[PDB]
Structures are given as structure tokens and as C-alpha cells.
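With mmCIF, C-alpha atoms inside, this is protein08.cif:
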data_model
#
loop_
_atom_site.group_PDB
_atom_site.id
_atom_site.type_symbol
_atom_site.label_atom_id
_atom_site.label_comp_id
_atom_site.auth_asym_id
_atom_site.auth_seq_id
_atom_site.Cartn_x
_atom_site.Cartn_y
_atom_site.Cartn_z
ATOM 1 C CA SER A 1 0.000 0.000 0.000
ATOM 2 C CA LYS A 2 3.074 2.336 -0.529
ATOM 3 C CA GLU A 3 3.391 2.233 -4.346
ATOM 4 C CA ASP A 4 0.116 4.237 -4.619
ATOM 5 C CA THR A 5 1.456 7.143 -2.535
ATOM 6 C CA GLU A 6 4.957 7.542 -4.076
ATOM 7 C CA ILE A 7 3.538 7.608 -7.640
ATOM 8 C CA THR A 8 1.844 10.828 -6.408
ATOM 9 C CA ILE A 9 4.551 12.480 -4.242
ATOM 10 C CA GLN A 10 6.654 12.197 -7.432
ATOM 11 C CA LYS A 11 3.920 13.925 -9.481
ATOM 12 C CA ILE A 12 3.668 16.625 -6.781
ATOM 13 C CA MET A 13 7.490 17.254 -7.036
ATOM 14 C CA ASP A 14 7.552 17.157 -10.846
ATOM 15 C CA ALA A 15 5.093 19.972 -10.522
ATOM 16 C CA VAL A 16 6.912 21.633 -7.608
ATOM 17 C CA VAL A 17 10.002 21.897 -9.936
ATOM 18 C CA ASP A 18 7.919 23.450 -12.693
ATOM 19 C CA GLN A 19 6.189 26.144 -10.627
ATOM 20 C CA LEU A 20 9.337 26.950 -8.693
ATOM 21 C CA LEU A 21 10.920 27.573 -12.039
ATOM 22 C CA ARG A 22 8.362 29.703 -13.797
ATOM 23 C CA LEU A 23 6.448 31.233 -10.872
ATOM 24 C CA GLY A 24 9.061 30.972 -8.150
ATOM 25 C CA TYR A 25 8.411 29.767 -4.637
ATOM 26 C CA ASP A 26 6.827 33.067 -3.755
ATOM 27 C CA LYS A 27 4.011 32.940 -6.324
ATOM 28 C CA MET A 28 3.710 29.044 -6.350
ATOM 29 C CA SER A 29 0.692 28.290 -3.990
ATOM 30 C CA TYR A 30 -0.912 25.004 -2.685
ATOM 31 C CA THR A 31 -3.741 25.965 -5.129
ATOM 32 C CA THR A 32 -1.545 26.323 -8.219
ATOM 33 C CA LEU A 33 -0.191 22.928 -7.229
ATOM 34 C CA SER A 34 -3.721 21.503 -6.839
ATOM 35 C CA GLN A 35 -4.521 22.664 -10.412
ATOM 36 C CA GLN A 36 -1.370 21.516 -12.203
ATOM 37 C CA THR A 37 -1.604 18.137 -10.469
ATOM 38 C CA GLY A 38 -5.168 16.898 -10.236
ATOM 39 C CA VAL A 39 -4.572 16.402 -6.470
ATOM 40 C CA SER A 40 -6.815 17.929 -3.849
ATOM 41 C CA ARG A 41 -5.379 20.645 -1.547
ATOM 42 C CA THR A 42 -5.667 18.398 1.548
ATOM 43 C CA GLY A 43 -4.134 15.592 -0.597
ATOM 44 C CA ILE A 44 -0.967 17.666 -0.924
ATOM 45 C CA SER A 45 -1.245 18.855 2.705
ATOM 46 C CA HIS A 46 -0.861 15.163 3.570
ATOM 47 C CA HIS A 47 2.625 14.807 2.096
ATOM 48 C CA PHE A 48 3.718 18.407 2.586
ATOM 49 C CA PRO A 49 2.268 19.892 5.816
ATOM 50 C CA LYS A 50 4.174 23.231 5.476
ATOM 51 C CA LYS A 51 5.253 25.073 2.224
ATOM 52 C CA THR A 52 8.972 24.939 3.074
ATOM 53 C CA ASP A 53 8.281 21.189 3.008
ATOM 54 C CA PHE A 54 8.435 21.398 -0.806
ATOM 55 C CA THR A 55 11.845 22.974 -1.314
ATOM 56 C CA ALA A 56 12.875 20.454 1.398
ATOM 57 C CA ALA A 57 12.266 17.266 -0.564
ATOM 58 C CA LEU A 58 13.784 18.833 -3.673
ATOM 59 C CA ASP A 59 16.868 16.891 -4.762
ATOM 60 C CA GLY A 60 19.406 16.658 -7.627
ATOM 61 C CA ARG A 61 17.414 17.550 -10.746
ATOM 62 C CA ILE A 62 17.682 21.318 -10.384
ATOM 63 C CA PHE A 63 21.450 21.731 -10.009
ATOM 64 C CA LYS A 64 21.943 19.010 -12.576
ATOM 65 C CA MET A 65 20.068 21.015 -15.190
ATOM 66 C CA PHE A 66 21.845 24.134 -14.026
ATOM 67 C CA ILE A 67 25.406 23.036 -14.625
ATOM 68 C CA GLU A 68 24.165 21.857 -18.025
ATOM 69 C CA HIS A 69 24.521 25.464 -19.132
ATOM 70 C CA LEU A 70 28.220 25.641 -18.301
ATOM 71 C CA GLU A 71 31.822 25.010 -19.498
ATOM 72 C CA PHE A 72 33.897 22.859 -17.205
ATOM 73 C CA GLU A 73 36.307 21.360 -19.720
ATOM 74 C CA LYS A 74 38.144 24.426 -21.123
ATOM 75 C CA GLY A 75 39.727 26.350 -18.260
ATOM 76 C CA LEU A 76 38.585 29.198 -16.048
ATOM 77 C CA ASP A 77 37.877 31.892 -18.625
ATOM 78 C CA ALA A 78 35.956 29.642 -20.919
ATOM 79 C CA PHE A 79 33.793 28.849 -17.954
ATOM 80 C CA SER A 80 32.918 32.312 -16.828
ATOM 81 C CA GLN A 81 32.456 33.381 -20.419
ATOM 82 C CA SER A 82 29.972 30.462 -20.392
ATOM 83 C CA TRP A 83 28.253 31.651 -17.191
ATOM 84 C CA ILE A 84 27.802 35.298 -18.195
ATOM 85 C CA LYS A 85 26.660 34.035 -21.615
ATOM 86 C CA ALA A 86 24.387 31.846 -19.496
ATOM 87 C CA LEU A 87 22.932 34.877 -17.694
ATOM 88 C CA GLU A 88 20.729 35.729 -20.751
ATOM 89 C CA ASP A 89 19.048 32.320 -20.696
ATOM 90 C CA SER A 90 15.750 32.426 -18.802
ATOM 91 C CA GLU A 91 15.871 28.881 -17.366
ATOM 92 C CA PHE A 92 19.327 29.668 -16.134
ATOM 93 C CA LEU A 93 18.247 32.969 -14.655
ATOM 94 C CA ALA A 94 15.205 31.311 -13.090
ATOM 95 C CA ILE A 95 17.375 28.598 -11.470
ATOM 96 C CA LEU A 96 19.458 31.228 -9.807
ATOM 97 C CA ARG A 97 16.539 33.465 -8.799
ATOM 98 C CA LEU A 98 15.201 30.301 -7.138
ATOM 99 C CA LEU A 99 18.030 29.467 -4.901
ATOM 100 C CA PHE A 100 18.956 33.019 -4.457
ATOM 101 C CA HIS A 101 15.462 33.530 -3.056
ATOM 102 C CA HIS A 102 15.778 30.391 -1.020
ATOM 103 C CA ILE A 103 19.095 31.267 0.526
ATOM 104 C CA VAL A 104 18.062 34.778 1.346
ATOM 105 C CA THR A 105 14.726 33.932 2.934
ATOM 106 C CA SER A 106 14.823 30.319 4.157
ATOM 107 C CA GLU A 107 15.943 29.960 7.733
ATOM 108 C CA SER A 108 16.712 26.217 7.408
ATOM 109 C CA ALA A 109 18.618 26.674 4.090
ATOM 110 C CA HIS A 110 17.469 23.258 2.719
ATOM 111 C CA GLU A 111 19.813 20.658 1.362
ATOM 112 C CA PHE A 112 19.043 21.044 -2.370
ATOM 113 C CA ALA A 113 21.005 24.332 -2.155
ATOM 114 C CA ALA A 114 23.815 23.427 0.297
ATOM 115 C CA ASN A 115 24.760 20.554 -1.999
ATOM 116 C CA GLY A 116 24.055 22.802 -4.916
ATOM 117 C CA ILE A 117 26.637 25.370 -3.879
ATOM 118 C CA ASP A 118 29.068 22.922 -2.380
ATOM 119 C CA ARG A 119 28.983 20.839 -5.548
ATOM 120 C CA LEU A 120 29.889 23.827 -7.603
ATOM 121 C CA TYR A 121 32.782 24.613 -5.421
ATOM 122 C CA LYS A 122 34.023 21.062 -5.653
ATOM 123 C CA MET A 123 33.794 21.267 -9.501
ATOM 124 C CA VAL A 124 35.348 24.690 -9.923
ATOM 125 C CA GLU A 125 38.078 23.943 -7.322
ATOM 126 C CA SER A 126 38.817 20.704 -9.049
ATOM 127 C CA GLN A 127 38.784 21.967 -12.666
ATOM 128 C CA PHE A 128 40.199 25.404 -12.088
ATOM 129 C CA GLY A 129 42.699 25.108 -9.194
ATOM 130 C CA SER A 130 42.871 27.742 -6.495
ATOM 131 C CA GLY A 131 41.441 30.681 -8.446
ATOM 132 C CA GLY A 132 38.104 28.923 -8.721
ATOM 133 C CA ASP A 133 36.356 29.622 -5.427
ATOM 134 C CA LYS A 134 36.739 33.318 -5.978
ATOM 135 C CA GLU A 135 35.955 33.460 -9.719
ATOM 136 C CA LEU A 136 32.840 31.514 -8.939
ATOM 137 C CA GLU A 137 31.981 33.827 -5.981
ATOM 138 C CA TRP A 138 32.324 36.814 -8.218
ATOM 139 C CA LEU A 139 30.184 35.184 -10.920
ATOM 140 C CA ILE A 140 27.506 34.928 -8.226
ATOM 141 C CA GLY A 141 28.003 38.577 -7.366
ATOM 142 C CA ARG A 142 27.717 39.623 -11.008
ATOM 143 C CA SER A 143 24.515 37.636 -11.345
ATOM 144 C CA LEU A 144 22.840 38.932 -8.254
ATOM 145 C CA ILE A 145 23.678 42.388 -9.403
ATOM 146 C CA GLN A 146 22.219 41.802 -12.734
ATOM 147 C CA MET A 147 18.869 40.832 -11.189
ATOM 148 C CA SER A 148 18.952 44.133 -9.399
ATOM 149 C CA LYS A 149 17.951 45.748 -12.636
ATOM 150 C CA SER B 1 -1.287 69.271 15.015
ATOM 151 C CA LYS B 2 0.512 68.592 11.709
ATOM 152 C CA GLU B 3 3.544 68.057 13.960
ATOM 153 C CA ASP B 4 1.723 65.244 15.753
ATOM 154 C CA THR B 5 1.322 63.555 12.365
ATOM 155 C CA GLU B 6 5.133 63.776 12.036
ATOM 156 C CA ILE B 7 6.066 62.540 15.563
ATOM 157 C CA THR B 8 4.105 59.412 14.680
ATOM 158 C CA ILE B 9 5.657 58.661 11.263
ATOM 159 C CA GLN B 10 8.920 58.839 13.218
ATOM 160 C CA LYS B 11 7.641 56.431 15.842
ATOM 161 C CA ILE B 12 6.939 53.964 12.986
ATOM 162 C CA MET B 13 10.072 54.652 11.058
ATOM 163 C CA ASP B 14 12.058 53.848 14.200
ATOM 164 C CA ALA B 15 10.042 50.715 14.811
ATOM 165 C CA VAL B 16 10.600 49.743 11.200
ATOM 166 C CA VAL B 17 14.355 50.338 11.162
ATOM 167 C CA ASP B 18 14.500 48.072 14.254
ATOM 168 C CA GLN B 19 12.147 45.320 13.214
ATOM 169 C CA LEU B 20 13.640 45.325 9.770
ATOM 170 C CA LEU B 21 16.725 43.693 11.227
ATOM 171 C CA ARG B 22 15.581 42.006 14.394
ATOM 172 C CA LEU B 23 13.003 40.075 12.365
ATOM 173 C CA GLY B 24 13.775 40.683 8.709
ATOM 174 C CA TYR B 25 11.307 42.233 6.271
ATOM 175 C CA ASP B 26 9.218 39.166 5.654
ATOM 176 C CA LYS B 27 8.033 38.552 9.162
ATOM 177 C CA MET B 28 7.572 42.207 10.003
ATOM 178 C CA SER B 29 3.906 43.046 9.470
ATOM 179 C CA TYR B 30 1.365 45.761 10.221
ATOM 180 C CA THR B 31 0.616 43.808 13.384
ATOM 181 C CA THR B 32 4.176 43.447 14.727
ATOM 182 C CA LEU B 33 4.816 47.127 13.988
ATOM 183 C CA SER B 34 1.481 48.069 15.531
ATOM 184 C CA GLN B 35 2.249 45.999 18.595
ATOM 185 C CA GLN B 36 5.703 47.578 18.930
ATOM 186 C CA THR B 37 4.242 51.107 18.583
ATOM 187 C CA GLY B 38 0.819 51.735 20.173
ATOM 188 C CA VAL B 39 -0.424 52.713 16.715
ATOM 189 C CA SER B 40 -3.350 50.834 15.107
ATOM 190 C CA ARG B 41 -2.744 48.763 12.020
ATOM 191 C CA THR B 42 -5.088 51.168 10.332
ATOM 192 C CA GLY B 43 -3.165 54.107 11.779
ATOM 193 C CA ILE B 44 0.025 52.661 10.243
ATOM 194 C CA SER B 45 -1.404 51.547 6.872
ATOM 195 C CA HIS B 46 -2.755 55.112 6.751
ATOM 196 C CA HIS B 47 0.794 56.533 6.282
ATOM 197 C CA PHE B 48 2.187 53.430 4.695
ATOM 198 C CA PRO B 49 -0.478 51.929 2.462
ATOM 199 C CA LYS B 50 1.924 49.380 1.067
ATOM 200 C CA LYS B 51 4.708 47.508 2.831
ATOM 201 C CA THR B 52 7.186 48.572 0.183
ATOM 202 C CA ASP B 53 6.471 52.145 1.383
ATOM 203 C CA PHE B 54 8.324 51.299 4.560
ATOM 204 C CA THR B 55 11.560 50.657 2.786
ATOM 205 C CA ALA B 56 11.069 53.613 0.448
ATOM 206 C CA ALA B 57 10.643 55.745 3.637
ATOM 207 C CA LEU B 58 14.186 55.196 5.094
ATOM 208 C CA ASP B 59 15.874 57.265 2.356
ATOM 209 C CA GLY B 60 19.319 56.428 3.706
ATOM 210 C CA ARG B 61 18.932 55.771 7.440
ATOM 211 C CA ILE B 62 19.991 52.216 6.923
ATOM 212 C CA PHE B 63 22.839 52.884 4.550
ATOM 213 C CA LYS B 64 24.504 54.981 7.319
ATOM 214 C CA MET B 65 24.394 52.186 9.877
ATOM 215 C CA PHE B 66 25.716 49.960 7.159
ATOM 216 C CA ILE B 67 28.831 51.942 6.431
ATOM 217 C CA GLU B 68 29.798 52.200 10.067
ATOM 218 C CA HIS B 69 31.003 48.638 9.451
ATOM 219 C CA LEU B 70 33.452 49.277 6.590
ATOM 220 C CA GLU B 71 37.066 50.591 6.383
ATOM 221 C CA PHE B 72 37.302 53.422 3.857
ATOM 222 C CA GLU B 73 40.568 54.915 4.991
ATOM 223 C CA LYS B 74 43.178 52.141 4.738
ATOM 224 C CA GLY B 75 43.391 50.984 1.112
ATOM 225 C CA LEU B 76 41.146 48.800 -1.014
ATOM 226 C CA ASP B 77 42.089 45.417 0.429
ATOM 227 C CA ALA B 78 41.681 46.804 3.893
ATOM 228 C CA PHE B 79 38.174 47.904 3.032
ATOM 229 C CA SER B 80 37.416 44.486 1.562
ATOM 230 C CA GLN B 81 38.618 42.642 4.567
ATOM 231 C CA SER B 82 36.494 44.968 6.557
ATOM 232 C CA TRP B 83 33.447 43.670 4.712
ATOM 233 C CA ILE B 84 34.361 40.001 5.245
ATOM 234 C CA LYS B 85 34.868 40.382 9.026
ATOM 235 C CA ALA B 86 31.607 42.337 9.084
ATOM 236 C CA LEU B 87 29.549 39.463 7.686
ATOM 237 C CA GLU B 88 30.047 37.953 11.148
ATOM 238 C CA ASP B 89 28.147 40.773 12.694
ATOM 239 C CA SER B 90 24.424 40.076 12.197
ATOM 240 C CA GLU B 91 23.192 43.631 11.862
ATOM 241 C CA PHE B 92 25.591 43.821 8.978
ATOM 242 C CA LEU B 93 24.346 40.606 7.488
ATOM 243 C CA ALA B 94 20.741 41.672 8.221
ATOM 244 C CA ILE B 95 21.216 44.736 6.002
ATOM 245 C CA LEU B 96 22.529 42.700 3.110
ATOM 246 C CA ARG B 97 19.708 40.165 3.452
ATOM 247 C CA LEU B 98 17.161 42.998 3.303
ATOM 248 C CA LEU B 99 18.801 44.217 0.145
ATOM 249 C CA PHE B 100 19.346 40.880 -1.545
ATOM 250 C CA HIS B 101 15.779 40.110 -0.677
ATOM 251 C CA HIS B 102 14.635 43.130 -2.576
ATOM 252 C CA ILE B 103 16.697 42.032 -5.547
ATOM 253 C CA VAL B 104 15.029 38.706 -5.601
ATOM 254 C CA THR B 105 11.343 39.549 -5.000
ATOM 255 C CA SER B 106 8.323 41.667 -6.255
ATOM 256 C CA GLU B 107 8.066 44.471 -8.915
ATOM 257 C CA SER B 108 7.030 46.808 -6.031
ATOM 258 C CA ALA B 109 9.988 45.901 -3.815
ATOM 259 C CA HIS B 110 12.329 46.461 -6.772
ATOM 260 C CA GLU B 111 13.300 50.103 -7.268
ATOM 261 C CA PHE B 112 14.678 50.202 -3.652
ATOM 262 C CA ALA B 113 17.181 47.498 -4.506
ATOM 263 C CA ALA B 114 18.177 48.475 -8.045
ATOM 264 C CA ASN B 115 18.888 51.784 -6.276
ATOM 265 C CA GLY B 116 20.868 50.520 -3.306
ATOM 266 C CA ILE B 117 23.322 48.681 -5.542
ATOM 267 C CA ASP B 118 23.994 51.659 -7.736
ATOM 268 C CA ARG B 119 24.644 53.336 -4.386
ATOM 269 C CA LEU B 120 27.143 50.692 -3.354
ATOM 270 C CA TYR B 121 28.791 50.931 -6.685
ATOM 271 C CA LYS B 122 28.990 54.695 -6.559
ATOM 272 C CA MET B 123 30.231 54.311 -2.928
ATOM 273 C CA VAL B 124 33.112 52.073 -3.787
ATOM 274 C CA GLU B 125 34.153 53.906 -6.963
ATOM 275 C CA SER B 126 34.382 57.293 -5.320
ATOM 276 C CA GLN B 127 36.531 55.799 -2.642
ATOM 277 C CA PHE B 128 38.799 53.583 -4.678
ATOM 278 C CA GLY B 129 38.049 54.078 -8.364
ATOM 279 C CA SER B 130 37.030 51.440 -10.900
ATOM 280 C CA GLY B 131 39.426 48.913 -9.356
ATOM 281 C CA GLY B 132 36.599 48.981 -6.724
ATOM 282 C CA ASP B 133 33.789 47.813 -9.057
ATOM 283 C CA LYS B 134 35.047 44.221 -9.247
ATOM 284 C CA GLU B 135 35.901 44.065 -5.511
ATOM 285 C CA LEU B 136 32.293 45.011 -4.583
ATOM 286 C CA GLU B 137 30.944 42.405 -7.091
ATOM 287 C CA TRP B 138 33.078 39.787 -5.491
ATOM 288 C CA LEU B 139 31.991 40.959 -2.051
ATOM 289 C CA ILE B 140 28.288 40.440 -2.740
ATOM 290 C CA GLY B 141 29.217 37.088 -4.169
ATOM 291 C CA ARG B 142 30.767 36.011 -0.900
ATOM 292 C CA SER B 143 28.088 37.725 1.089
ATOM 293 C CA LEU B 144 25.239 35.805 -0.432
ATOM 294 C CA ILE B 145 27.178 32.495 -0.163
ATOM 295 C CA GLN B 146 27.646 33.375 3.487
ATOM 296 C CA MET B 147 23.871 33.584 3.936
ATOM 297 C CA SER B 148 23.506 29.842 3.337
ATOM 298 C CA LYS B 149 26.307 29.148 5.819
#
If you took the structure in this file and wrote it as C-alpha cells, what would it be?
Amino acid sequence: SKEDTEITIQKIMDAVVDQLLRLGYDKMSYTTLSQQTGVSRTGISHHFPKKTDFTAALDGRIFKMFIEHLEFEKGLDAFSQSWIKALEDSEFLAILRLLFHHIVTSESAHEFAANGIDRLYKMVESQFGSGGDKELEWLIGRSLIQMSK
Amino acid sequence: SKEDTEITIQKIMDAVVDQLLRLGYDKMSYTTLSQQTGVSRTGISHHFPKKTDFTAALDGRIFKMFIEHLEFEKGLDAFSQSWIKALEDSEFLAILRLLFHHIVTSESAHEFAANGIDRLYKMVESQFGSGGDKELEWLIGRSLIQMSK
């Protein structure tokens, strides 16, 4: 009697990922969820008692599709070039906005993001030696500025 | 009589400036402010019809607390290390959150933040020149990463 429930939690998260991306956590409501998924409000309450509870269960997919946009195999410059280039892509922008929002507002700073950032350091550190952490940090600065527009 | 309508705006402004950092923007509400002030939530909303009016209202009062934290008089690196050590003070961090939060959120909340950055930028440049642009950009980078820490 547990295969019936997970086939839904999954469908709730496949939606959570969509709305978080095109509406953002802020505008994504238990109602907009209830529409996208044919699941009743109290049916989503069941699995996710609080709204933070969404962002909580969120896992790999996001940061996996993030780093898609990005050049790790051609040295440090190539890679920033790739990231600034990447700043005019809406999905990319969205993905940042997302975790930028999350980091800024969420008390608990959920795992999806901790791993997220820490993964990128590991990558950048690994690929780009000791100049990486900073270059990366800066990229982040430049991005967050650009949203300030 | 039109003085007693000032005294009161200043009682809220004060309250705001406080609550804006003891609780963050998000959790601060007409209630909490009312509670802190002995002014009705209608009395407040009177002067400040929209919550984004509260941040518009400051006009610099925060930025002057902010800069008490930074070293402008000892070279660029000195200033930059001032900013890093400052991230460990929570008022300091609270001010950046408030900003970054405005960068990330609503259309309404937006002109305050677009405006604060240009202010940082102009701050740094007039102290240290265009060498300072990139240092600032890197500093926000770190700053935001620090907020997940």
C-alpha cells in the first residue's frame, strides 16, 4: 500500500520543480499545485504539511540542469564566459533566482542548495585550481547584481 | 497638530528600522509594527499603504548604519577585509539580506534594490576608483554564499 502514494509524491514534485521555475516559490501556492496536479489541496497537505516542506524534498534535478549550461572542460575563462553568456538564458536565470530567493529567505537553508553550492565549489576547485572559489563567488556577485535591474 | 502627524511617522520609522533587522522584512507586518508602537494597524497603513512604502521611507537611514562597518581609509584590500569580518556581525548581514531580498522579489519591492546597488557601486568607486567595481561584485558574491552558511 506504498506504491500508490509515491507515484503521487513524485507527481507533486515534478510539478513543484515546474512552478518553482516559472512562478518561483513566492508565487507558487498550494492551489496552483492543486490545479497543475489533479490532487486535492488536503491531498498535498498530507505529504507536505508546510510550504517549506516542498523545497525540502527537492533533490538533484535542479542543479543538474543548471550546470548543463556551463563550461567545465576548457579552463577558467571559458567557464565564466559560459556563465555570463548563461545569464541571458531564462531557465538559467530562473534557477538562480530560485536558490537566491531560497538562501536569502529560508531559515533552514534546505539541502538542495547546500549541496548545490558545495557541488559547484568542488567542480570549480577541481577543474580550475585555487582561483576557482573566488571566480565563482564573483560570478555569483555579477549575477545577483544583474537581477537588481 | 501637523507636527503630531510627524512625531508618529517617526515612531513607525524607528520601529521599522529596528524590526527590519531584528526580524527581517518578511516577518515584520502591520501587526508586529502596531504591537511595537501603540499605533493601530489602520493608523500605520494610513501613512504606509503598502509595505514597500516602509523601505522607500528610510531614504538612507539604513545605509549609514551599514557603512559604520566598513574601512574606507586604509586601502582597497583593507576595506574588503572589513566587509568580510563584518559578515560575522548580524546587523551587517541583516542589512545585506534585506537588500538581496529586494533584488530577488516583487516588482514593487524592486526600485529600492536596483537603487541601493547603484549606491554601493557609486560608494566604492568614489573611494577607490574602478578597481573597486570588481571588488564590490566579489563581495556580494561572498556575502550571499555566506547567507547559506
12 Å contact set for residue 75 (chain A), all atoms listed in the file, chain neighbours under 2 positions out, as a ChimeraX atom specification: /A:70-73,77-82,123-129,131-132,135
Please save C-alpha atoms of the selected residues as a compact mmCIF listing (two decimals), in the coordinates of the input.
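And here's part-v7.txt as it stands now:
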# COMPACT_ATOMS: atom_id res chain seq x y z
CA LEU A 70 28.22 25.64 -18.30
CA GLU A 71 31.82 25.01 -19.50
CA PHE A 72 33.90 22.86 -17.20
CA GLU A 73 36.31 21.36 -19.72
CA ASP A 77 37.88 31.89 -18.62
CA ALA A 78 35.96 29.64 -20.92
CA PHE A 79 33.79 28.85 -17.95
CA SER A 80 32.92 32.31 -16.83
CA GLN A 81 32.46 33.38 -20.42
CA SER A 82 29.97 30.46 -20.39
CA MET A 123 33.79 21.27 -9.50
CA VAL A 124 35.35 24.69 -9.92
CA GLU A 125 38.08 23.94 -7.32
CA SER A 126 38.82 20.70 -9.05
CA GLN A 127 38.78 21.97 -12.67
CA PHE A 128 40.20 25.40 -12.09
CA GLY A 129 42.70 25.11 -9.19
CA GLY A 131 41.44 30.68 -8.45
CA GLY A 132 38.10 28.92 -8.72
CA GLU A 135 35.96 33.46 -9.72
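Each of B:101, B:2, B:47, B:22 was compared to chain A using all atoms listed in the file, and B:101 turns out to be the nearest.
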field: Contacts of residue 98 (chain B) within 12 Å, only C-alpha atoms, excl. fewer than 3 positions in-chain, as a PyMOL selection string
entry: (chain A and resi 101+104-105) or (chain B and resi 17+19-28+52+55+62-63+66+90-95+101-105+109-110+112-113+116+144+147)
statement: Following least-squares superposition on chain A, chain B shows a C-alpha RMSD, over all atoms in order, of 1.5 Å
Given all atoms listed in the file as the counted atoms, nearest of A:148, A:37, A:115, A:143 to residue 88 (chain A):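 So, comparing all the options, the nearest one is A:143.
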field: Counting all atoms listed in the file, the option among A:120, A:87, A:114, A:7 closest to chain B
entry: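 Checking each candidate against chain B, we get A:114 as the closest.
The point (4.6, 22.6, -0.9) has these residues within 8 Å of it when all atoms listed in the file are used: residues 16, 29, 30, 33, 44, 45, 48, 49, 50, 51, 52, 53, 54 and 55 of chain A.
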